[PDB]
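# Would you be able to build a 3D model of this:
(4 chains, ligands or ions: 2)
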Amino acid sequence: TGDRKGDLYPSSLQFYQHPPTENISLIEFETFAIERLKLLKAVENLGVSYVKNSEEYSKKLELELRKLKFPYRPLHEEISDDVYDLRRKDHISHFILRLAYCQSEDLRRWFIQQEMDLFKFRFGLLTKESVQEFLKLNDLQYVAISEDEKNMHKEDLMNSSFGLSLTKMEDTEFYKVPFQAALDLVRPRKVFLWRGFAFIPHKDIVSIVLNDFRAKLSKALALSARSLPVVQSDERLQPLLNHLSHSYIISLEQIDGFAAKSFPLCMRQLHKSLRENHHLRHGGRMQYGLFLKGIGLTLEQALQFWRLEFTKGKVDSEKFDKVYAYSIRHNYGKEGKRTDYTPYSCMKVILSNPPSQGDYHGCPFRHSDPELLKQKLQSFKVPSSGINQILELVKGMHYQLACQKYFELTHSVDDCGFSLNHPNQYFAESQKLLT
Amino acid sequence: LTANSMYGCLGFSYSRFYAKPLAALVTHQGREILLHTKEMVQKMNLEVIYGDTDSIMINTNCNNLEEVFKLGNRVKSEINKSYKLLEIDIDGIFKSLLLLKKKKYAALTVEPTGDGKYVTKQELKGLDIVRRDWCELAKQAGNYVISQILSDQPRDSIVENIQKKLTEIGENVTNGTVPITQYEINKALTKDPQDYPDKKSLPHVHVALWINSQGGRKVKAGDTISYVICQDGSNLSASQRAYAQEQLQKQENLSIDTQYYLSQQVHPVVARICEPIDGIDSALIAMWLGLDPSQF
RNA sequence: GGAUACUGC
DNA sequence: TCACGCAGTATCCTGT
Ligand code: SF4
Ligand SMILES: [Mg+2]
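Numbering: from 1, shown residues only, chains lettered A, B, ... in the order given. Ligands and ions are numbered 1, 2, ... in the order given. The structure is reproduced below:
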């Protein structure tokens, strides 16, 4: 309580009943609005991704609350100025978002849901003492029985609560609630009723609290939607509130580019066939998948690329996940023996399965007839002298030397400077030279 | 069967009466017949939704059984009018149908008793619930789901019930209350145990090998083997962790791999049974079983 | 690409 | 010395 504080913010949790009356700045208005929008969007995303009782949900929500500096934990110290500030934030931001989220029923529902979620989390973080404090400050009057009355009904209480020991019971304090709120407890006869009140010990209560909260909040949103014309005239706040819900708070595409320069001729042929027909026989699938694993395409990236490429081949989308997903996972050592299979070496490619009609895998220098290789080299604008030299090398059975000559000619380097013995080595050298 | 074999031998490579042409012709004619029948049904402005080499399913789009029967008769006669010895008959009236995929469906066959009354009998064709390679637990679950889907209860309630049952199953697995007999998977051997080159990858074969290593009667081609998937700390794939039930009851290091049974036996089956039903999707099912709904 | 199962009609 | 046909769905693996 430094300069201009008060008892306006007793507890962390609140039902947001009394609107703020202060005069704030436009900058503060915008900052609070955006911050609470971030908080609510985080709540929604975590609710979709995780189970709200999960520990991951709690950890991530605590991290977000700490990052945006919102009240989430109690403090048995006093009302420190900083704490006051945080609470003030929460109180103002909430109402600002109300103004933002009352125009359309959809929006209203969304707001309510997020708010309820947040409230539940915060309640889940309240110590029993704090919980009672809250239940008192809002006149919820859920009991707290006196010690004398507790001794008066000691035996009844002992027989009411399941698995409660004499001394342990002496160490516990109950609450008095109207039986209309403890339906789920009274119905199976697991809480004592006396004179219309149930005596409930210190999980379900949050539910009742939330019900009350939701009622109130819905009413409030209705009223806000009824008081909209007064705000639309304030241009300063119109761009924000009218559009808050739509407020912003290696790549597959470049692969084709790589195919222009870095890809060795084998991968270039495979990629050309794939983009021509959106389908590869098994050998091509294995070779190209291993190569794209080598360049660095992550499991998610490779899955996305293969899905997008194959979907155009007039096949069911589910068929891909049914069939080719396992192969893609296995190439990355995700299933089966779970081995990080290395990319094919040039020796393997040369000595691997021999390609046949309809296939495009293998080393072109070895699996392409000299006339076809000459035509392909001419197509790539290679100088006639370079094409002749490559053909001469091919006739010498040293296909790796032919690929080295290709690299030298295409990269405008007199000497390759490396012993090409892996397609990934080819791509790495090309990337080193270019980038 | 005898008659069918008298046909099939015509295309049996090692038969004394190999006449592949003839058999081909037979099949061809059959195809033609089916096509024609379908065309005729469509010319009658009905709807055809399935047919397997001699049959047609027609969506009567009616609820008056008598009228349906009338239509049956009518179309029956029409078809017969084109053939001399061939005949078509009403092979069943399904009150409800759940057509999932080619040669995989379930229905409630209607057996008439008289005076317009009729009884209903559950019939399944091709579903995993009628396959021996799935754990009995899962099968039962699926059966329950089918009984819920094919009934006349309001859809919402159906869904609710399904959820309840699935959660029950989850608990029964987590507490290990389910009888061990329900965790078994049965598979037959086409060859002898030794001929398989994947003694590790193939689970049933593995179990067979173990049995042959034990001191009892050996298992040979055609003998079904029952195995369970357990935990041993090996950190290997499920396919390599198969074990004979007795072994599980004997060794003190093996425990049933609850996760696996909840993740690859119950969930798949149920999902495939719930694919065309609105309101149930894989994710939800997984959630109801206690699995993580992230990777689903 | 391959291997292992078992349903149908 | 043997052994019926084909159409279709589901699961799993690819190091020396
Ligand atoms: S030598 Fe190696 S990198 Fe070059 S085309 Fe042949 S397989 Fe591909
Ligand atoms: Mg294929």
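# near chain B, which residues of chain A show up?
A:49, A:51, A:335, A:336, A:337, A:338 (C-beta under 8 Å from any C-beta of the partner chain). The way it works is simple: take the backbone N, C-alpha and C, and place the C-beta from them, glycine included.
# Surely the fifth one is in contact with residue B:237?
Right, the one you point to is residue A:337. Yes - judged on C-beta atoms under 8 Å, residue A:337 makes contact with residue B:237 at a distance of 7.4 Å.
# So which bits of chain B are right by chain A?
Contacts of chain B with chain A, taken as C-beta under 8 Å from any C-beta, map to B:201, B:237, B:287, B:293, B:294.
# Count the neighbours of the residue in the stretch 1-150 of chain B positioned nearest to chain A for me.
Among the residues of the stretch 1-150 of chain B, residue B:101 lies nearest to chain A; the distance is 11.6 Å by C-beta to the nearest C-beta. Other residues near residue B:101 come to 10 when the count uses other C-beta atoms under 10 Å in any protein chain shown.
# Quick check: bridge partners of it?
Going by DSSP bridges, residue B:101 is paired in beta bridges with residue B:104.
# residues contacting the closest residue to residue A:332 other than its chain neighbours?
Nearest residue to residue A:332, sequence neighbours excluded (C-beta to C-beta, 6 or more residues apart in numbering or on different chains): residue A:299, at 5.0 Å. The contact partners of residue A:299, by C-beta atoms under 8 Å, 6 or more residues apart in numbering or on different chains, come to A:328, A:329, A:332, A:334.
# interface residues of chain B facing RNA strand C?
Within reach of RNA strand C by C-beta under 7 Å from any atom of the strand, chain B has these residues: B:52-55, B:103-104, B:125-126, B:130-133, B:187-191, B:196, B:198, B:202, B:204, B:224.
# Give me the buried subset of these.
B:104, B:187, B:189, B:196, B:202, B:204 (16 or more other C-beta atoms under 10 Å in any protein chain shown).
# From residue A:67, how far off is the second one?
Distance of residue B:187 to residue A:67, computed by C-beta to C-beta, to the nearest Å: 54 Å.
# again with the fourth one
Computed as C-beta to C-beta, the residue B:196 to residue A:67 distance reads 57 Å.
# Now stretch A:222-234: buried residues?
Here stretch A:222-234 shows A:224, A:225 as buried, counting by 16+ other C-beta under 10 Å.
# ok, now stretch B:28-41?
Result for stretch B:28-41 [16+ other C-beta under 10 Å]: buried residues B:33, B:34, B:37, B:40, B:41.
# ok now do whichever residue of chain A sits closest to RNA strand C, which residues does it touch?
With C-beta to the nearest atom of the strand, the shortest gap between chain A and RNA strand C falls at residue A:282, namely 3.2 Å. Under the criterion of C-beta under 8 Å, 6+ apart, residue A:282 has no neighbours.
# rerun at 10 Å
If a contact means C-beta atoms under 10 Å, 6 or more residues apart in numbering or on different chains, then residue A:282 has A:327, A:353, A:359, A:361 as its contacts.
# And these, which of them are buried?
Buried by 16+ other C-beta under 10 Å: A:359, A:361, out of the contacts of residue A:282.
# Sounds good, over and out.
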